[PDB]
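Side-chain atoms are counted along with the backbone in the values below, which use heavy atoms only and exclude waters and symmetry mates. Below, chain A is the first sequence line, B the second, and so on; all start at residue 1.
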Amino acid sequence: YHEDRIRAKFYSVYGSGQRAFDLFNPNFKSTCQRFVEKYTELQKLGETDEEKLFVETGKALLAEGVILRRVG
Amino acid sequence: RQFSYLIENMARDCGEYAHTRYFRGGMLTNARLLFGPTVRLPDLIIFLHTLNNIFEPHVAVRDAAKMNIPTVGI
Amino acid sequence: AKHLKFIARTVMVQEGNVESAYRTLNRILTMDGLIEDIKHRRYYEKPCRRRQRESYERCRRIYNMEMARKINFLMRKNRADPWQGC
Amino acid sequence: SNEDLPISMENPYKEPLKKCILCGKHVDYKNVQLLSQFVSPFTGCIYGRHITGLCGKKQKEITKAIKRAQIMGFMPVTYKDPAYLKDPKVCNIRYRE
Amino acid sequence: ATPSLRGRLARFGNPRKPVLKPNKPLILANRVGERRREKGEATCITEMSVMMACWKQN
Amino acid sequence: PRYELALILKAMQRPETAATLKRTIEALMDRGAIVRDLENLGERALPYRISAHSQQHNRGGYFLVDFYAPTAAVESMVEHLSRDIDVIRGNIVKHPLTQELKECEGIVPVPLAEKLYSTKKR
Amino acid sequence: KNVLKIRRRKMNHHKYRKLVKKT
Amino acid sequence: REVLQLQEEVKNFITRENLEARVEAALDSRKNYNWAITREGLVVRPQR
Amino acid sequence: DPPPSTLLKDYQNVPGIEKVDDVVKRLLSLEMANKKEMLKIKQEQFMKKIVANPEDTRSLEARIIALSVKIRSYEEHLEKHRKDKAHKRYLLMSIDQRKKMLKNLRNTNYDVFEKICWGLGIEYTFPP
Amino acid sequence: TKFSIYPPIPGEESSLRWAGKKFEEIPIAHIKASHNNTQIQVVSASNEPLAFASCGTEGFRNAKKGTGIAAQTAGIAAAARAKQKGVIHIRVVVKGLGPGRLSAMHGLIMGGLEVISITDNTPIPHXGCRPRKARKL
RNA sequence: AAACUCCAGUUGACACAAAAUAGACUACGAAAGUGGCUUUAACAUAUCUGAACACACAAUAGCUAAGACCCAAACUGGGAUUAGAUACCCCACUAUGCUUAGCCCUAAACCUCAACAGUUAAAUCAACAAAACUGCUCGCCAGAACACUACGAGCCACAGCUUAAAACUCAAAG
Ligand code: FES
Ligand SMILES: [K+]
Ligand SMILES: [K+]
Ligand SMILES: [K+]
Ligand SMILES: [Mg+2]
Ligand SMILES: [Mg+2]
Ligand SMILES: [Mg+2]
Ligand SMILES: [Mg+2]
Ligand SMILES: [Mg+2]
Ligand SMILES: [Mg+2]
Ligand SMILES: [Mg+2]
Ligand SMILES: [Mg+2]
Ligand SMILES: [Mg+2]
Ligand SMILES: [Mg+2]
Ligand SMILES: [Mg+2]
Ligand SMILES: [Mg+2]
Ligand SMILES: [Mg+2]
Ligand SMILES: [Mg+2]
Ligand SMILES: [Mg+2]
Ligand SMILES: [Mg+2]
């Protein structure tokens, strides 16, 4: 899927967060999926570059209170 | 063997028959010798698992076709 | 002959433990292939016979390394039977 | 039609190919310190790739560089130069156990 | 890692000469070999020598 | 083309080592060589005992001469070095920096070979 | 395969060579 | 670009005029080709 | 043979090479190169003298010239290496390959076939 | 300090001493372990012969020389003669894979000598003379 | 046992011989072959197929001539074994293995699987072996034995090689 490209980059930059996947819940939304959803929304605005669009997505989550500890 | 108990209960509850154990050679193609000359064979065989425990087709699949018994299978 | 002596294939004895030192030396020569090479060099091995042995030893490595890989892969399944009775 | 059908891509999760410790570096016969890291400390025998961990291209380069250094008067043949016995151990071999 | 078997055997699609000539098919069997008995060695040869050497002196 | 002369010289005092290095570089130039640089790798113990010109050597001064010369000059220079009694060992190789190392993507994995034997039931 | 066909030819050649030498 | 680079390098080539001076300069200097690799693929140059 | 001072085929058209230092000129000349570099110049000279389009390397003409330069290199190699059986085979095969090319050129374009034979000094012979 | 299996380099400075003698000064016990005989020669660090003993000099004959007990007896004999000349610590240099390769070393220790290092010097040609033809047994 | 004791061990000097490890790599070459180091020359063909004989090659053994000597080693001699032992085991030593210059042209020279171009669907397929096939071309084969033979012919080959039958015999051989 198109979002696999986003998911791959997110996992490379941030990695699987401490939040554990609950696969029993059919509507579980992981931190990665939340990022995908937000990233997809900012793309609707008109941003055409990945670097800037990717960076802007991380900032939005930090404002919402999500913990994004980069591998570095 | 994880589901042998479940399947054997389900058969007893609906008034049908279950064979979850080691399938002995000739149960279907040599039934009249094993059970008796007037034994009635199944009219339908439902395979909940079609593979035996060495990841090969359950022998009853072939033997059901030999005996012209229709088979349902997951 | 030309090289310096007491550097190659030399092992120091620890606390007069000569047995352990000899076992170490013998293990170094075996792992590097010197022991097996010395035994093969006693009598001349003809090229065709050498090629036949190398082909044999290589096929054994392949088979043995694949069997061992299957043993380790299946070892977890040696646990107690979880459905005792079915 | 529907928008949820799978699309055709190349595995986006594919990891980069593994590179040997010498990938992209020049192997010189004069560099005896490097070459000594791939020979036995006791016999001077050149280690195979299953010990060195080098790719086929660098295993050949190291082999040819050692054979050149040895006959041209740069490297000993029957043992590892004791000066290089404390260099970083990069070969997967243990003699004491 | 197991040594490669690609292009090692004499096969129709292989242009080169065979590297390996297995006398048995390179296929894993369903059994392993039996545990080999240890070949016995003469024990107590150093102590025997020490006693026999003393006998010679006395 | 470009070559590298790996010259192991006899362990001598500075005046004699300088004369030998001048002698050797002039022999290269006399055979049509364009000498690019001279590098001193230092004096060290030899990896093994080298017997040359009826002498046993345990130490030598390692030197490098990068130069350009016609292909025919290599054979002539090798003969000249053989007769020089101050040279322990001299080897002319194609200069290692002329060859360009191809870019490597990395290790490409190779899977287990398949279909080596028919699928008949033996 | 067995070497029975080779063995017949082997004896033929041996005996022929011995005959040629004798004569 | 190669011809231009070569034209610069030839200025430092040893000639019959500077041979003696360049031999003495070489005797004073030292060039080390030794460096070790680590398990992480990093070069460890010699400290001497 | 091209003089040893001839510049390499790669550096013959770089602008300003006539003004570089003498040392640079002999470093970029045939004197300081291997035998294969001088064969590229021999091929170029034959192409300009014979072929209508010296830049078409895929025509039967250019291919006969290129093979004739190789044939001459094998003959010179074998004059020194008289017991090199591998190169003797390459010479004889190359001569047979050039004869097949010349037979095809004679059958299709006779006018150019005559210019190949004159320029390269090949005397076409009919097979027995 | 951690024990180093690697021998001390003759040029470098080491603290390891045996009776006030450096590693380069310890006498050497050369053992030739052949398939049919074991020969032991103890020499000083300056190559002065001190003691010699073989399975043959101990009275074993023919196939009896090619045994561990015979090599052990030669080791004891060599140690006795070497200990009279003042040898305590020896550097063993063994050559060959014969039956008395290790037994000869035990004899040297049983005779009162202390082995500080073991060097293997079995001759291995790197390509050399073609060995005799294979035996048909 | 014979043999050696003009022997053996350490150390030093020291090949016209042979090329540990790398190589668990699978490359190069038409095949035969090719695995120590360096340098020079150098690895045909822009459709394919195309020769017992034309052309050029062709392991080992062998021949002719001149050299080389570590080791190995047909033959031979000695020791042992055995009913005998013209063998297997031990020792010694030669032709020969090497170099140079010419021959000889053979191999289970077999990966016994021809070159080129394609296929994995159908009847997949006697058996075994290394799954079954299509197009196209050259080479080859038509019971066993006689027979890697006879004769003829060609060949630096002359106890040779290549090509290669028939008569009598059998009802099998494989
Ligand atoms: S993987 Fe790149 S050179 Fe080894
Ligand atoms: K070698
Ligand atoms: K044949
Ligand atoms: K074969
Ligand atoms: Mg077989
Ligand atoms: Mg059989
Ligand atoms: Mg017959
Ligand atoms: Mg006697
Ligand atoms: Mg090997
Ligand atoms: Mg053709
Ligand atoms: Mg014909
Ligand atoms: Mg031949
Ligand atoms: Mg010969
Ligand atoms: Mg001999
Ligand atoms: Mg001889
Ligand atoms: Mg062959
Ligand atoms: Mg063909
Ligand atoms: Mg024949
Ligand atoms: Mg004939
Ligand atoms: Mg005739």
Do both conditions hold for [N] and [M], namely six-membered ring centres separated by less than 5.5 Å and ring planes inclined at less than 30°?
{"N": "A171(K)", "M": "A172(K)", "answer": "no"}
{"N": "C98(K)", "M": "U99(K)", "answer": "yes"}
{"N": "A114(K)", "M": "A115(K)", "answer": "yes"}
{"N": "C146(K)", "M": "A147(K)", "answer": "yes"}

Taking the same atom, [atom1], in [N] and in [M], what whole-Å distance lies between them?
{"N": "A87(K)", "M": "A74(K)", "atom1": "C1'", "value": "14 Å"}
{"N": "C4(K)", "M": "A95(K)", "atom1": "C1'", "value": "26 Å"}
{"N": "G79(K)", "M": "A109(K)", "atom1": "P", "value": "41 Å"}
{"N": "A31(K)", "M": "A59(K)", "atom1": "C1'", "value": "11 Å"}

Quick one: is [N] close enough that its OP1 or OP2 comes under 4.0 Å of any side-chain N or O from [X]?
{"X": "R58(I)", "N": "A46(K)", "value": "no"}
{"X": "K5(C)", "N": "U11(K)", "value": "yes"}
{"X": "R98(I)", "N": "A44(K)", "value": "no"}
{"X": "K70(I)", "N": "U45(K)", "value": "yes"}
{"X": "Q56(F)", "N": "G12(K)", "value": "no"}
{"X": "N34(I)", "N": "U40(K)", "value": "no"}
{"X": "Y3(F)", "N": "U40(K)", "value": "yes"}
{"X": "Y90(I)", "N": "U45(K)", "value": "no"}
{"X": "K36(I)", "N": "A41(K)", "value": "no"}
{"X": "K60(D)", "N": "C25(K)", "value": "no"}
{"X": "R68(D)", "N": "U38(K)", "value": "yes"}
{"X": "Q41(J)", "N": "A8(K)", "value": "no"}
{"X": "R49(D)", "N": "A24(K)", "value": "no"}
{"X": "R16(E)", "N": "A27(K)", "value": "yes"}

Contact list (N/O, under 3.5 angstrom) for nucleotides 136-147 of chain K vs protein:
from, atom 1, to, atom 2, distance (Å)
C146(K), OP1, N12(G), ND2, 2.6

Between [N] and [M], is a Watson-Crick or G-U wobble pair present, with both distances under 3.5 Å?
{"N": "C16(K)", "M": "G9(K)", "value": "no"}
{"N": "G35(K)", "M": "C25(K)", "value": "yes"}
{"N": "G152(K)", "M": "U163(K)", "value": "yes"}
{"N": "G118(K)", "M": "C43(K)", "value": "no"}
{"N": "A92(K)", "M": "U76(K)", "value": "yes"}
{"N": "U34(K)", "M": "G135(K)", "value": "no"}
{"N": "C93(K)", "M": "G36(K)", "value": "no"}
{"N": "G12(K)", "M": "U26(K)", "value": "no"}
{"N": "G139(K)", "M": "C37(K)", "value": "no"}

Base, sugar-phosphate, or nothing for [X], non-hydrogen atoms under 4.0 angstrom?
{"X": "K83(I)", "value": "sugar-phosphate"}
{"X": "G48(D)", "value": "sugar-phosphate"}
{"X": "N47(J)", "value": "base"}
{"X": "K80(I)", "value": "nothing"}

List every contact pair, protein side and nucleotides 112-116 of chain K side both N or O, where the distance is under 3.5 Å.
from, atom 1, to, atom 2, distance (Å)
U112(K), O4, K1(G), NZ, 2.5

For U106(K), does the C1'-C2'-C3'-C4' torsion put the sugar north or south? north
North (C3'-endo side) or south (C2'-endo side) for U26(K) via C1'-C2'-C3'-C4': south
Roughly how many Å is it from [atom1] in [X] to [atom2] in [N], rounded to a whole number?
{"X": "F38(D)", "N": "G23(K)", "atom1": "CZ", "atom2": "P", "value": "12 Å"}
{"X": "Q55(F)", "N": "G12(K)", "atom1": "CD", "atom2": "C1'", "value": "15 Å"}
{"X": "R6(E)", "N": "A24(K)", "atom1": "CZ", "atom2": "P", "value": "17 Å"}
{"X": "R7(G)", "N": "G174(K)", "atom1": "CZ", "atom2": "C1'", "value": "17 Å"}

Six-ring centre of [Y], [X] cation under 6.0 angstrom, axis tolerance 45°:
{"X": "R49(C)", "Y": "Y44(C)", "value": "no"}
{"X": "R91(J)", "Y": "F6(C)", "value": "yes"}
{"X": "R68(D)", "Y": "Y29(D)", "value": "yes"}

Atom pairs under 3.5 Å, N or O on each side, protein against nucleotides 88-98 of chain K: can you list them with distances?
from, atom 1, to, atom 2, distance (Å)
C88(K), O3', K136(J), O, 3.1
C88(K), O2', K136(J), O, 3.1
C89(K), OP1, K136(J), N, 2.7
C89(K), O3', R135(J), NE, 3.0
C89(K), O3', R135(J), NH2, 3.0
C89(K), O2', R135(J), NH2, 3.2
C90(K), OP1, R132(J), NH1, 2.7
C90(K), OP1, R132(J), NH2, 3.1
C90(K), OP1, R135(J), NE, 2.8

Measure distances between side-chain N and O atoms of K67(D) and base N and O atoms of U38(K), and say whether any donor-acceptor pair falls under 3.5 Å. no
Which ones in residues 67-80 of chain F lie close to RNA chain K, meaning a heavy atom under 4.0 Å from one of its atoms? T71(F), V74(F)
Got a list of protein N/O to nucleotides 55-59 of chain K N/O distances below 3.5 Å?
from, atom 1, to, atom 2, distance (Å)
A56(K), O3', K88(I), NZ, 3.3
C57(K), OP1, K85(I), NZ, 2.6
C57(K), OP1, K88(I), NZ, 3.0

Enumerate the protein-to-nucleotides 121-125 of chain K contacts in which both atoms are nitrogen or oxygen and the separation is below 3.5 Å.
none

ring-ring contact (aromatic ring centres under 6.0 Å, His included) for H3(C) and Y48(F)? Distances and angles first, verdict last. CA-CA 5 Å; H3(C) 288 95; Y48(F) 37 77; 5.4 Å; yes
Using a strict threshold of under 4.0 Å (side-chain N to carboxylate O), is an ion pair present between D120(J) and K95(J)? no
Quick check: do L5(E) and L116(F) have side-chain heavy atoms less than 4.5 Å from each other? yes
